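Novice: This is the structure I have questions about; it appears just below.
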Amino acid sequence: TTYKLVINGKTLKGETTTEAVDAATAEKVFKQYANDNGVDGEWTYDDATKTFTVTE
Amino acid sequence: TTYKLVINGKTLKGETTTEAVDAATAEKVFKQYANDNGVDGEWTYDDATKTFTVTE
Amino acid sequence: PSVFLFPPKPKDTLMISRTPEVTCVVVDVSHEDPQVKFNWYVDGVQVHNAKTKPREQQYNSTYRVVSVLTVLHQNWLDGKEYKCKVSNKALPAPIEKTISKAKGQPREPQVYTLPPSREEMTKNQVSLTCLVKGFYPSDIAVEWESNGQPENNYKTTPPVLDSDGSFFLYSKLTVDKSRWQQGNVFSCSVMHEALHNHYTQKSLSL
Amino acid sequence: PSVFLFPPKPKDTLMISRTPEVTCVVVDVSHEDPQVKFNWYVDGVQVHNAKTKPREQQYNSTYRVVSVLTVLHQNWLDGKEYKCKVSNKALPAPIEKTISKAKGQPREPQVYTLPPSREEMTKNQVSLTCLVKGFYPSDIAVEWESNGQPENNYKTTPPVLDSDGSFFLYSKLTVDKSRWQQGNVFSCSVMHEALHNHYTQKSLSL
């Protein structure tokens, strides 16, 4: 459990976490946060770190 | 144009007409009249006569 | 060479004013042996000039003989057996394909209609949806019409198998937002073996 | 014998946390000649241990060798070319199948949601409908979820071609009438190449 998102987006730099089952129900969570904020970019994981990355 | 329907149904005997393009838009017309009335049966045409027949 | 049997189009069997046709198609015909004789037997008895019609079609490097038997709405609908019997000197013995209407207790379909999304109204043309769920067999056909006249700009997803053994299809008709707002009465007619009168038609209006 | 190429499952390419795999399948393998060597080249360059994995499957009276190359989400999505190169002594020369992601300017899909019919409420379970129209390419995938959790009892009609070159699919999620009335928030997530963030999710509540 527990995945964190990294937003390296235009004029919005930062990070957040989410309690989830599978990684994919992290993606759908963060990814939504991402459009709730107007971030739009490429994405990445990294099970080594259980992380996600948005790069506008 | 002009097709007529023959209802030989249980406790409803009679006939009617309808202005239509193709025969099939007669079928859909009468056939609806048929369920609007609670007639339910087998159907027939007869281009010789441009007629339809409901036989409960 | 090979034979291929084909069943009538759902609509051709469910509407009386139409014509159900069973299509027998022969392939890999070649050129020195094109005399492909046709035998059709309905539920056993042979139906000679049942209608029974053929015609040569040249291509590839083989011919393609095709015969077509006009069926009887009620027989097909009562699960009768259609037999195409192909014979021709290029073969050792008669080939025979049979075909029948799907078997199973028929489940009358339910037909609901839903208007556009409050959100799709922002646009120029909106979508009228017509649900037809819980039915079997999967052979069915939908159409749309507004006041006594048939719309055209519509599409209909093929039947999909639902989790309860019954089937479900969605059919979407489109319109300039104006008619939808003017207050027009759209109407999705559904045609099916299971319904009363092989027909229904549920409305839909603002 | 014969080779058969297969593209990743739409969802495997659109969700980062997943794995896009291109599947090469060899058939009519026989028994005296099963050494079917595998060559995969991504957009030209050869990708050796790209992952590249095989394994014997005995049946019929022929084998069926299968290799699978783990693709890169962005490449496939950028229309890169995947090459499966099969070779084995039972053949005169190398066979090569290529495969690519559909081509065309992508049309962002629109996602509307509609509640049950006032008429289907009379029943025990009602149907939540989720429209996704006007899109291309046809590769897409929908899912549903209520509060942070995924429902399951749902079905999704395959994409159908609409009259304007765009595509349209309907996806229907079911529920005991109670939850629908209790006031639950259902939510149809749509995943697509064209959307912002390869994702959207529109709600739906009483």
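Residue numbering for chain C follows Swiss-Prot; the residues present correspond to positions 121-326, in that order.
If you check the header, you will see the structure was determined by X-ray crystallography, 3.2 Å.
In case you wondered, yes, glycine gets a Cβ from its N, Cα and C as well.
So Swiss-Prot lists the following for this protein:
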DISULFID  C:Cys144-C:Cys204  disulfide bond
DISULFID  C:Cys250-C:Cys308  disulfide bond
CARBOHYD  C:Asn180  N-linked glycosylation site
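How buried are the listed features, and what sits near them?
Specialist: The secondary structure of C:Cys204 (disulfide bond), as reduced to three states from DSSP, is extended strand.
According to its DSSP assignment, C:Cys308 (disulfide bond) is in a strand.
Counted within 10 Å of its Cβ, the other Cβ atoms near C:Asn180 (N-linked glycosylation site) come to 9, all protein chains included. Taken residue by residue with DSSP, C:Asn180 (N-linked glycosylation site) is part of neither helix nor strand, so it is coil.
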Novice: Can you give me the same-chain residues 6 or more apart in sequence from C:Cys144 (disulfide bond) with a CB-CB distance under 8 Å?
Specialist: C:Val123, C:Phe124, C:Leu125, C:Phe126, C:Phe158, C:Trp160, C:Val186, C:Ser187, C:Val188, C:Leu189, C:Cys204, C:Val206, C:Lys217
Novice: Give me the long-range Cβ neighbours of C:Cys308 (disulfide bond): same chain, 6+ apart, Cβ under 8 Å, in sequence order.
Specialist: C:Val231, C:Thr233, C:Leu248, C:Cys250, C:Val262, C:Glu263, C:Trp264, C:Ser291, C:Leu293, C:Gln321, C:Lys322, C:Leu324
Novice: Using DSSP, would you call C:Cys250 (disulfide bond) helix, strand or coil?
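Specialist: Note: C:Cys250 (disulfide bond) is in a strand by DSSP.
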Novice: Specify the count of other C-beta atoms within 10 Å of the C-beta of C:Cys204 (disulfide bond).
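Specialist: Around C:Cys204 (disulfide bond), other Cβ atoms within 10 Å: 25.
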Novice: What disulfide-bonded residues from C:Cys144, C:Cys204, C:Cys250, C:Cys308 have a chain D Cβ less than 8 Å from their own Cβ?
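Specialist: From C:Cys144, C:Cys204, C:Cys250, C:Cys308, flagged as close to D: nothing.
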